[PDB]
Each structure stands twice: as C-alpha cells, then as structure tokens.
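To start, the structure itself, in structure tokens.
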Amino acid sequence: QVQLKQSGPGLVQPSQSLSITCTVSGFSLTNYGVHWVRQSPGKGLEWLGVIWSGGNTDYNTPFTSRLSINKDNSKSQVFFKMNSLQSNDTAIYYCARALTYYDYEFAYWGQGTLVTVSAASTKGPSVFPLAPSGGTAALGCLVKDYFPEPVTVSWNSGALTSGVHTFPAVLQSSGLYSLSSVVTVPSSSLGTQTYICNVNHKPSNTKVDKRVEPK
Amino acid sequence: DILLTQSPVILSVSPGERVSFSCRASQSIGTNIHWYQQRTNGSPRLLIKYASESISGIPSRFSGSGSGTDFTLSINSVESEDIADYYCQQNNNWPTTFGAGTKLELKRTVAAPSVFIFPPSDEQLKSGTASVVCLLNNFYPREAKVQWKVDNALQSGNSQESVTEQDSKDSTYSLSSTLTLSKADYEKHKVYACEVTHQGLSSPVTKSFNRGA
Amino acid sequence: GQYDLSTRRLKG
C-alpha cells in the first residue's frame, strides 16, 4: 500500500541546518503532493510546507526564508531542509500525503523524525541486565547514558511483545538520557528460553543485543 | 491564522461509555475540519474528514458533527485501545492549523502493583556507578509512592521515576524507580529496599535485597 | 497539556 519512510533521527548544532529524506512507495510523486508537519512541545502540531506534483512549493509564513523542499520523482524521494535551527526547533518532523492530490486531509504519515537541537555531543548507551531473581518472573535491560533521544528497544528480535514495557527516557543531571525496558515471563521458561533486548541508538549507530539471564 | 480551541484538555471515561471531543474555531470555517488520533509513540491517524465523513478502515464507533465554529468528535462505546490524544485540523483558511489536543484516559477497577527489585549488575559496577531499579507493574490508578531505604536510611533526591502511558489492552500503568549511587557508596552498605504504597494494597509492600546475597 | 517528545503524548 501507500507508505512514507523518513530518514533516521539525529542531532543538529544550534545555528545549523536540518536535512530529512522522505521516501514514498505505493504512489508516484508526479501524482501527489507531499506535506511536511512537525510536532514540538512549544507549539504542538504545525504545518510547515508542501511540494506539489508539478514541483511548486508553499511554505508556512514563519518559515519562508529558512525552508527548502525538493524532490526526485524518479527516486520517489522528497528532501526537506531547514536552516539556522534553534532549541525550540527541537521536534518530531513528519512527511505526509493527503487523500487527493490537491487537499490537506493527511491520511498517510511517515514514522516521524525526532530532531534534537543542542550543542552537546552524541553518545551511545551502555546496556545492563536487570536479572530475574506466582510463577511470573520480571526481567529487563537498563539503557543508560545516551544522547540524544530516541533509542529503540525490542525483545528477541521482535518475537516477544507480550508483557513488555519500555519506560519513557528520563534526563539525568549529567545531561544524558536513561531508560529501562522490562518484560514479565513465566519463570519456568527461564531455563529453556533465551531473552535478549535489542537496543539501537541510531543517532550514534550503536546497536547492542543484551542477553539477560538469572544471576 | 485560525485558532482552534480543544476542550477539555483531559477526558476520563469508562469502557462502553459514549465520549465527545470539542473543537472550537476562532471564526467560521464551515465544515472544513479533520480529526486525528495519536497513540503512544505513533503518528497521527486520520479519523474524520470534513466534520462528518467516514475514513476507510476506521471503526464505525467514530463519528463527527458540527459546522461553523463548534465541532464534535464522538465515540459511542469507548474501548481500551481508544486511549490516545485527539486533534482537530481546519483548512478553510490558509494555512491549515491544528488544535492543541484532548487526552482520553480510561477508568478501570483498582489493580495493585506487582513489585520487583533488581540489584546493579556486576557489569555496571565495573563502570563505577550502581543503579538499583524497583519495578511496579500493571497497576491502577496511576498514583503511587516509592520510598527507598539503604540500611534504614531514607534516600531522597537520588532516584528518578518513569511511568508508562496507559496500556491499550488492560488500561494499567507501570512504573520504574531507579536509585542511582556511586559504587563506593553502594559497597559501603548492605540492605537495599523499596517500599511501595498504592490504593490497591492494604499495607505497603517492601522488596529488598542484601548486596552480595 | 504539553506534548512530550519522549512519549509522543500529551503530558500536563
């Protein structure tokens, strides 16, 4: 069907520029316009601009001078670029497509791209086991000291999803994030099944698979 | 630009009940309004277009009405997976603008937490820092107290809490409390306990361990 | 009432 896949999240220094690629499938860029929307703590949902089928662009008024949208029809790619980012430009950026070629009811969305504007440095996390000690055992992974958000965590390469809780990251006094991911399983499976949290911090391309066993 | 005002900001109902979301525009926009659902870690999902028109694949319990300045999104029988924020969008006047959203929570019966405690791993202790995690699992309502004690000394200021959003299946919350201390401090003590207070417990539950078993 | 980038949800 119709899909929009955006490039990965990342850090951007203040006064610097942002680049996001939206790759579409299930339709042609020559038939549909592609919109850009962001979502920030300061202003919530915000329509930024659009590139139409024929290449014309419209930019929302407070962005006309620092926003540039381009595309490559043959490669089904839309390119979003924004200049001179500041802290309140920290937000999740989506590309989106409407039901009809001319309209603004956004029926298809990219998965979003979380952009963090900060002078700090990217750092990958360390992954530590939370080891199991009514026949239900809890276990998890401690994903500690990374920057910036986000980090993705799954269990057994996607095969274990029931009973999983991945808590929201919290910012430590160090300026680094930390979170835990937990799952409850039958304690009788601890000697039979292997349990692995799959951690990926794309801003640093740090990918860690942590095996969690009873101590 | 058109200002879209959504009310209330929070909405708490029980399953099977009908619920209504409000969206008011700063001037008439006819019926040029769209509604969206955003689940936890999800992208917005189009529910209604032009005030009242259905969308493919959207359950029939979602409907919308209104015209002019006052618009309503309705769910006649709330389900658990309806937990989300809901947004309205206008497009009668350029540029298209969005409301600030209304959060929909679900009520359910009281559920006491299951409490687990994890010592720091020997791996982390190599790094010179110790993390003690106390997990409160699948409880309701959200309010809960976590009290840390090291050798009966009350810990204050050196723990952080994180709380999941409501679960889409059983409407419960889960909470993690992480006590962070230096390895030197951690080695200078023995008894590590988190005490958990919650409406669903007749008395507080304490999970503890002694460093080195 | 404010949107949180960590959870993609409204918090307060």
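Within each chain, counting starts at residue 1; across the structure tokens, chains are named A, B, ... in the order shown, with ligands numbered 1 upward in that order.
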Find the nearest atom pair between each residue of chain B and chain A for residues within 6 Å, count only C-alpha atoms, give distances in Å to one decimal, sort rows by chain and ascending number, and present the table as JSON lines.
{"residue": "B:46", "atom": "CA", "partner": "A:107", "partner_atom": "CA", "distance": 5.4}
{"residue": "B:98", "atom": "CA", "partner": "A:45", "partner_atom": "CA", "distance": 6.0}
{"residue": "B:118", "atom": "CA", "partner": "A:130", "partner_atom": "CA", "distance": 5.9}
{"residue": "B:164", "atom": "CA", "partner": "A:167", "partner_atom": "CA", "distance": 5.5}
Write out as a compact mmCIF listing (two decimals) with C-alpha atoms, in the first residue's frame the residues lying within 10 Å of residue B:136, counting only C-alpha atoms and excluding same-chain residues fewer than 3 positions away.
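Below is the file part-v9.txt, written as the result:
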# COMPACT_ATOMS: atom_id res chain seq x y z
CA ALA B 112 -2.48 -3.43 42.95
CA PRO B 113 1.06 -3.37 41.50
CA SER B 114 3.40 -6.32 41.37
CA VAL B 115 6.73 -5.18 42.80
CA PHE B 116 10.17 -6.34 41.68
CA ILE B 117 13.62 -5.08 42.66
CA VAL B 133 15.72 -0.47 39.89
CA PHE B 139 -1.42 -1.19 38.42
CA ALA B 144 1.89 5.51 43.76
CA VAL B 146 8.11 4.61 46.14
CA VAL B 163 5.71 5.87 34.18
CA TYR B 173 0.17 1.68 34.29
CA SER B 174 3.66 0.50 35.10
CA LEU B 175 6.33 2.46 36.96
CA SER B 176 10.10 2.20 37.30
CA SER B 177 12.04 3.78 40.16
CA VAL B 196 5.61 0.77 47.57
Against chain C, which residues of chain B fall within 12 Å? For each one I want the closest pair of atoms and the distance in Å (one decimal), counting only C-alpha atoms, rows by chain and increasing residue number, as CSV.
residue,atom,partner,partner_atom,distance
B:6,CA,C:1,CA,10.9
B:7,CA,C:1,CA,11.0
B:8,CA,C:1,CA,10.1
B:9,CA,C:1,CA,6.4
B:10,CA,C:1,CA,8.0
B:11,CA,C:1,CA,11.7
B:37,CA,C:9,CA,10.8
B:38,CA,C:9,CA,7.6
B:39,CA,C:9,CA,7.4
B:40,CA,C:8,CA,5.8
B:41,CA,C:8,CA,5.1
B:42,CA,C:8,CA,7.0
B:43,CA,C:8,CA,8.4
B:44,CA,C:8,CA,10.0
B:83,CA,C:9,CA,10.5
B:84,CA,C:9,CA,7.6
B:85,CA,C:9,CA,6.8
B:86,CA,C:10,CA,9.9
B:87,CA,C:10,CA,11.1
B:99,CA,C:1,CA,11.8
B:100,CA,C:1,CA,8.0
B:101,CA,C:10,CA,7.9
B:102,CA,C:10,CA,8.1
B:103,CA,C:10,CA,6.7
B:104,CA,C:10,CA,10.0
B:105,CA,C:10,CA,11.3
B:162,CA,C:7,CA,11.0
B:163,CA,C:7,CA,10.2
B:164,CA,C:7,CA,8.6
B:165,CA,C:7,CA,7.9
B:166,CA,C:9,CA,10.9
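Running DSSP on the backbone gives alpha helix (DSSP H) for these residues within stretch 8-165 of chain B: residues 122, 123, 124, 125 and 126 of chain B.
The interatomic distance for the pair atom CA of residue B:57 and atom CA of residue B:45 works out to 10.8 Å.
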- request: Using DSSP on the backbone coordinates, identify the residues of stretch 27-160 of chain A assigned to strand (DSSP E or B); present them as a PyMOL selection string.
  value: chain A and resi 34-40+44-51+57-59+67-72+77-82+91-98+106-109+113-117+123+126-130+136-147+152-155+160
Take the residues just selected and output them with C-alpha atoms as an mmCIF file, in the first residue's frame.
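Below you can see part_28.cif, which holds the result:
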data_model
loop_
_atom_site.group_PDB
_atom_site.id
_atom_site.type_symbol
_atom_site.label_atom_id
_atom_site.label_comp_id
_atom_site.auth_asym_id
_atom_site.auth_seq_id
_atom_site.Cartn_x
_atom_site.Cartn_y
_atom_site.Cartn_z
ATOM 1 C CA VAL A 34 3.972 15.720 -0.114
ATOM 2 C CA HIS A 35 3.446 17.825 3.016
ATOM 3 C CA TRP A 36 5.738 18.421 5.979
ATOM 4 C CA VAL A 37 4.421 18.715 9.541
ATOM 5 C CA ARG A 38 6.266 18.966 12.843
ATOM 6 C CA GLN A 39 5.227 18.457 16.455
ATOM 7 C CA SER A 40 7.015 20.299 19.259
ATOM 8 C CA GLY A 44 2.214 21.278 19.056
ATOM 9 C CA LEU A 45 1.274 20.283 15.514
ATOM 10 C CA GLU A 46 2.496 22.766 12.898
ATOM 11 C CA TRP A 47 2.099 22.667 9.128
ATOM 12 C CA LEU A 48 5.437 23.633 7.572
ATOM 13 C CA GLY A 49 5.075 23.334 3.792
ATOM 14 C CA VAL A 50 4.384 21.142 0.785
ATOM 15 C CA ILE A 51 5.869 20.264 -2.591
ATOM 16 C CA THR A 57 6.264 24.724 -3.189
ATOM 17 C CA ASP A 58 4.370 26.558 -0.471
ATOM 18 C CA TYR A 59 5.968 27.372 2.887
ATOM 19 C CA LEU A 67 12.822 26.275 4.499
ATOM 20 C CA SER A 68 13.558 24.436 1.250
ATOM 21 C CA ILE A 69 11.695 21.392 -0.110
ATOM 22 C CA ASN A 70 12.952 19.440 -3.130
ATOM 23 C CA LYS A 71 12.204 16.060 -4.651
ATOM 24 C CA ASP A 72 13.383 13.441 -7.141
ATOM 25 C CA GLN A 77 12.368 10.927 -2.692
ATOM 26 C CA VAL A 78 11.330 14.222 -1.085
ATOM 27 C CA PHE A 79 14.067 16.321 0.536
ATOM 28 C CA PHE A 80 13.332 18.609 3.496
ATOM 29 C CA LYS A 81 15.964 21.162 4.517
ATOM 30 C CA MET A 82 15.677 23.897 7.151
ATOM 31 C CA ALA A 91 10.556 18.478 17.382
ATOM 32 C CA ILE A 92 9.371 15.373 15.569
ATOM 33 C CA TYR A 93 9.149 16.015 11.821
ATOM 34 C CA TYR A 94 6.752 14.095 9.576
ATOM 35 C CA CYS A 95 6.190 13.928 5.859
ATOM 36 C CA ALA A 96 2.579 13.296 4.922
ATOM 37 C CA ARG A 97 0.282 12.759 1.938
ATOM 38 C CA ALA A 98 -3.376 13.728 1.545
ATOM 39 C CA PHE A 106 -3.411 13.731 5.807
ATOM 40 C CA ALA A 107 -4.274 10.038 5.520
ATOM 41 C CA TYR A 108 -0.689 8.748 5.240
ATOM 42 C CA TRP A 109 2.201 9.691 7.534
ATOM 43 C CA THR A 113 11.999 12.020 12.613
ATOM 44 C CA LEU A 114 12.920 13.302 16.067
ATOM 45 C CA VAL A 115 15.383 16.166 15.682
ATOM 46 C CA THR A 116 17.271 17.440 18.728
ATOM 47 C CA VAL A 117 18.883 20.883 18.530
ATOM 48 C CA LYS A 123 26.887 9.399 22.891
ATOM 49 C CA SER A 126 25.532 1.189 27.772
ATOM 50 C CA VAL A 127 23.155 -1.751 28.200
ATOM 51 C CA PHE A 128 22.979 -3.573 31.535
ATOM 52 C CA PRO A 129 20.849 -6.571 32.552
ATOM 53 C CA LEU A 130 18.018 -6.407 35.043
ATOM 54 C CA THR A 136 5.873 -14.907 36.906
ATOM 55 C CA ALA A 137 9.421 -13.569 36.585
ATOM 56 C CA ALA A 138 10.313 -9.993 35.644
ATOM 57 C CA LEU A 139 13.482 -9.115 33.736
ATOM 58 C CA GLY A 140 14.766 -6.280 31.634
ATOM 59 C CA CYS A 141 17.536 -4.060 30.314
ATOM 60 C CA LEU A 142 18.913 -0.765 31.612
ATOM 61 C CA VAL A 143 19.761 1.514 28.678
ATOM 62 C CA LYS A 144 21.910 4.182 30.256
ATOM 63 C CA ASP A 145 23.844 7.370 29.429
ATOM 64 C CA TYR A 146 22.989 8.148 25.800
ATOM 65 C CA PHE A 147 22.319 11.338 23.869
ATOM 66 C CA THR A 152 14.546 1.716 20.115
ATOM 67 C CA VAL A 153 14.283 -1.438 22.209
ATOM 68 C CA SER A 154 12.702 -4.755 21.259
ATOM 69 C CA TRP A 155 12.869 -8.276 22.673
ATOM 70 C CA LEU A 160 8.463 -11.223 22.269
#
If we count only C-alpha atoms, what is near residue B:35 at a cut-off of 6 Å, once residues fewer than 2 positions away on the same chain are taken out, given as a CSV table (one decimal) with N, CA, C and O atoms, in the first residue's frame?
chain,number,residue,atom,x,y,z
B,47,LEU,N,-9.1,10.2,11.3
B,47,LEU,CA,-10.3,9.6,11.8
B,47,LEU,C,-11.6,10.1,11.0
B,47,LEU,O,-12.4,9.3,10.6
B,48,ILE,N,-11.7,11.4,10.9
B,48,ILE,CA,-12.9,12.1,10.2
B,48,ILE,C,-12.3,13.2,9.3
B,48,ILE,O,-11.4,13.9,9.7
B,87,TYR,N,-6.9,15.2,17.9
B,87,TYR,CA,-6.6,16.5,17.4
B,87,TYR,C,-7.6,16.9,16.3
B,87,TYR,O,-7.9,16.0,15.5
B,88,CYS,N,-7.9,18.2,16.2
B,88,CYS,CA,-8.7,18.7,15.1
B,88,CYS,C,-7.8,19.6,14.3
B,88,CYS,O,-6.8,20.2,14.7
field: Nearest-residue call for residue A:188, choices A:134, A:173, A:21, A:157, using only C-alpha atoms
entry: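 Selected residue with least distance to residue A:188: A:134.
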Residue nearest chain C among A:204, A:7, A:56, A:90 (counting only C-alpha atoms):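 Result for the nearest residue to chain C: A:90.
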- request: Quick one: pull the distance between atom CA of residue A:27 and atom CA of residue B:49, Å, one decimal.
  value: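 It comes out at 21.2 Å.
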message: Give me the residues near residue B:78 as a ChimeraX atom specification, where near means some atom within 10 Å (using only C-alpha atoms) and where sequence neighbours in that chain fewer than 5 positions away do not count.
response: /B:13-19,61-62,83,104,106
Could you dump the residues just selected with C-alpha atoms as a PDB file, in the first residue's frame?
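Now in result-v6.pdb:
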ATOM      1  CA  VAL B  13     -14.312   7.719  30.923  1.00  0.00           C
ATOM      2  CA  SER B  14     -15.151   4.038  31.448  1.00  0.00           C
ATOM      3  CA  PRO B  15     -15.364   1.394  28.690  1.00  0.00           C
ATOM      4  CA  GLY B  16     -18.628   1.214  26.789  1.00  0.00           C
ATOM      5  CA  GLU B  17     -19.477   4.843  27.561  1.00  0.00           C
ATOM      6  CA  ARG B  18     -20.012   7.447  24.870  1.00  0.00           C
ATOM      7  CA  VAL B  19     -17.451  10.260  24.746  1.00  0.00           C
ATOM      8  CA  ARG B  61     -17.886   3.946  16.556  1.00  0.00           C
ATOM      9  CA  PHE B  62     -16.049   7.116  15.457  1.00  0.00           C
ATOM     10  CA  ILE B  83      -6.554   5.565  24.656  1.00  0.00           C
ATOM     11  CA  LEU B 104      -8.593  10.412  26.595  1.00  0.00           C
ATOM     12  CA  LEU B 106      -9.889   5.166  30.676  1.00  0.00           C
TER      13      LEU B 106
END
- request: Would you list the contacts of residue A:122 as a list in words, taking every protein, DNA or RNA residue within 12 Å and counting only C-alpha atoms, but skipping same-chain residues closer than 2 positions in sequence?
  value: residues 9, 10, 11, 12, 13, 116, 117, 118, 119, 120, 124, 125, 145, 146, 147, 148, 149, 150, 175, 176, 177, 201, 202, 203, 204, 205 and 206 of chain A
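Going from atom CA of residue A:31 over to atom CA of residue B:55, you cover 20.9 Å.
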task: Name the residues in contact with residue B:3 at a cut-off of 12 Å, using only C-alpha atoms, excluding same-chain residues fewer than 2 positions from it; report them as a ChimeraX atom specification.
output: /B:1,5-6,23-29,69,88-100
